[PDB]
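Protein chains in written order, with our numbering: chain A, 808 to 879; chain B, 148 to 196; chain C, 425 to 474; chain D, 8 to 142; chain E, 198 to 331. Below is one structure, written out as structure tokens; the observations come after it.
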DNA sequence: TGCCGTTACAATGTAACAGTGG
DNA sequence: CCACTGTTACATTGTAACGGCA
Ligand SMILES: *P(=O)(O)OCC(C)(C)[C@@H](O)C(=O)NCCC(=O)NCCS
């Protein structure tokens, strides 16, 4: 499903545990993903669901909950 | 301007290729990092020299 | 005893150094290639979005 | 030369090629005598962990027939090994029915371009129709 | 069943396949102990020139997990062996650059056709476009 | 379900053509 | 000239996944 495909992408693009990645887990502070890591995370999220996102609306996404919210 | 649309499609395919390459490389690197949890990576593997 | 310990120490040193030189080289090559590919990719992303 | 030649890798490739050919039953040796051929093969086997000596063993006992096949197979293996790094440089193997392949090859030889280029042109014309339908 | 099965041929095929796998290092036999495995492999090696006994050898000592792979390999061998008689039933193998293959497979999956059918349709549409223009 | 044809690949080996530099 | 390299177009064998049929 989408709400777990997001976890599939996030865990394997940041290397963090599945338990760590909750809905409210922010990438930078909780998951530790920095500038380039978050860039690669958004690219992977785009690839998984074969869609595209605007630059500003994409950069607005900075959390698992926000990630799914834009994805779903 | 359908030619311009075709140019956009060609650039889109190139960008898809590059993004797929980058994402696959990142996933492999993350898998390796999770697999080197045995602490052989701090200095022994990442030789900045 | 001296012979055996020297042989084991030399084996350890050689294996360790050779394995590190074998792996870390490709590891750093992969890191550099990934960074370069990302730098190239951003330009295509921007132009496609425009 | 476009692809970097690595000695300690190509030597192992060559040794593996010789061993595969021998175990398949072919006469890699240039010797007609059974004893010398057996000794040379045994020495090649001993050379498993010393790929560097495989070049000398080649120059000493390799059948004169196999030089062309050797230079072909290792060259192709080098190309494939370096192309496997990225998907966009890889190759995909497909099987085609005789009529379809016959028509496609005739078309390609007519246009004087490779099969991939002909497929590109065909799919591009179809995609042009699709694009103009979309617009 | 479309292709008639011949015992003296398929049994030779099976013997050759098992010998190839053994030479490749695959564990042919179900015996973890090396002595029994070596004895069974020697029985197979000296068992050459025998269909009626290679079948029994497979039934008795064959590794359980290789049965499916061997069965499908023999299926493919039978089909190819019978199809290689006539030109029109043969298959031509080619290598396609990854982007071209990706686009072609996209079309084939989209339309539900196979690669051969997809290429046939594409060539036919190209011909029809030629006739339209001409 | 288990056999049986069929497809779409992967891996490796070769012949032939095209390039390149010594 | 000549040799060595890169590339394309096959072949050959093996395997996994579908789908038909008793
Ligand atoms: P991190 O602190 O290394 O930052 C990386 C980055 C956010 C600057 C980078 O990923 C990026 O977004 N670069 C392009 C910025 C942009 O919007 N450029 C316009 C299109 S080229």
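For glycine and all other residues, C-beta sits at the position ideal for the given N, C-alpha and C.
Where residue i falls, given that 16 or more other Cβ within 10 Å makes a residue buried
i	result
residue 119 (chain D)	exposed
residue 296 (chain E)	buried
residue 21 (chain D)	buried
residue 74 (chain D)	exposed
residue 203 (chain E)	exposed
residue 819 (chain A)	buried
residue 148 (chain B)	exposed
residue 473 (chain C)	exposed
residue 824 (chain A)	exposed
residue 470 (chain C)	exposed
residue 835 (chain A)	exposed
residue 813 (chain A)	buried
residue 242 (chain E)	exposed
residue 328 (chain E)	exposed
residue 198 (chain E)	exposed
residue 172 (chain B)	buried
residue 225 (chain E)	buried
residue 162 (chain B)	buried
residue 315 (chain E)	buried
residue 272 (chain E)	exposed
residue 241 (chain B)	The requested residue 241 (chain B) is not part of the displayed model; chain B covers only 148 to 196.
Residue i vs residue j beta-carbon contact at 8 Å
i	j	result
residue 864 (chain A)	residue 166 (chain B)	no
residue 115 (chain D)	residue 294 (chain E)	no
residue 71 (chain D)	residue 50 (chain D)	no
residue 832 (chain A)	residue 852 (chain A)	no
residue 251 (chain E)	residue 244 (chain E)	yes
residue 133 (chain D)	residue 319 (chain E)	yes
residue 30 (chain D)	residue 220 (chain E)	yes
residue 868 (chain A)	residue 849 (chain A)	yes
residue 169 (chain B)	residue 454 (chain C)	no
residue 808 (chain A)	residue 871 (chain A)	no
residue 24 (chain D)	residue 89 (chain D)	no
residue 822 (chain A)	residue 181 (chain B)	yes
residue 298 (chain E)	residue 99 (chain D)	yes
residue 827 (chain A)	residue 837 (chain A)	yes
residue 176 (chain B)	residue 459 (chain C)	no
Within chain D, the residues that residue i reaches when beta carbons sit closer than 7 Å
i	result
residue 317 (chain E)	107
residue 323 (chain E)	129 and 132
residue 199 (chain E)	By Cβ distance, chain D contributes nothing, its closest Cβ being about 17 Å from residue 199 (chain E), past 7 Å.
Amino acids of chain C, ordered along the chain, whose beta-carbon sits closer than 9 Å to that of residue i
i	result
residue 154 (chain B)	Correct list: empty, because the minimum Cβ distance to chain C is about 10 Å.
Proximal residues of chain C, C-beta to C-beta of residue i below 8 Å
i	result
residue 159 (chain B)	472
residue 172 (chain B)	454, 457, 458 and 461
Cross-strand partners of residue i (DSSP beta bridge)
i	result
residue 101 (chain D)	E:291
residue 259 (chain E)	E:226
residue 833 (chain A)	A:870
Chain B residues whose Cβ lies nearer than 9 Å to that of residue i
i	result
residue 469 (chain C)	162, 165 and 166
residue 465 (chain C)	162, 165, 166, 168 and 169
Residues that residue i contacts on chain A, provided the C-beta gap is smaller than 9 Å
i	result
residue 151 (chain B)	Here the premise fails: no neighbours, minimum Cβ distance about 18 Å.
residue 180 (chain B)	822
Contacts of residue i in chain E (Cβ-Cβ under 9 Å)
i	result
residue 142 (chain D)	Going along chain E, no residue has its Cβ under 9 Å from residue 142 (chain D), so there is no contact; the nearest lies around 18 Å.
residue 114 (chain D)	320 and 323
Contact list for residue i against chain E, beta-carbon separation under 7 Å
i	result
residue 123 (chain D)	293, 294 and 297
Partners in chain B for residue i, counting only beta-carbon separations shorter than 8 Å
i	result
residue 150 (chain D)	This structure leaves residue 150 (chain D) out entirely; chain D is present only between 8 and 142.
residue 819 (chain A)	174, 177 and 178
Closer than 8 Å at the beta carbon, the chain E residues around residue i
i	result
residue 111 (chain D)	316 and 320
Cross-chain neighbours of residue i in chain D, by beta carbon under 8 Å
i	result
residue 326 (chain E)	132 and 136
Worksheet entry | Within 8 Å of chain B by C-beta, residues of the stretch 71 to 104 of chain D in sequence order | 93, 94 and 95
Worksheet entry | Short-range partners of chain C found in the stretch 860 to 876 of chain A, where Cβ spacing is below 8 Å | 861 and 862
Discussion item. What are the residues in the stretch 435 to 463 of chain C lying within 7 Å of chain A by C-beta distance?
Written reply: So the close ones are 462.
Item to complete: With 9 Å as the C-beta to C-beta threshold (strictly closer), list the residues of the stretch 822 to 855 of chain A near chain C in chain order.
Response: 843, 846, 847 and 850
Worksheet entry | the stretch 14 to 34 of chain D: positions lying closer than 8 Å to chain E by Cβ | Against chain E - using a Cβ distance shorter than 8 Å - the residues of the stretch 14 to 34 of chain D are 30.
Worksheet item: Around ligand 2, what residues have a beta-carbon under 6 Å from a heavy atom of it, in chain order?
Response: With respect to ligand 2, the structure shown offers nothing to examine, as its ligands consist of ligand 1.
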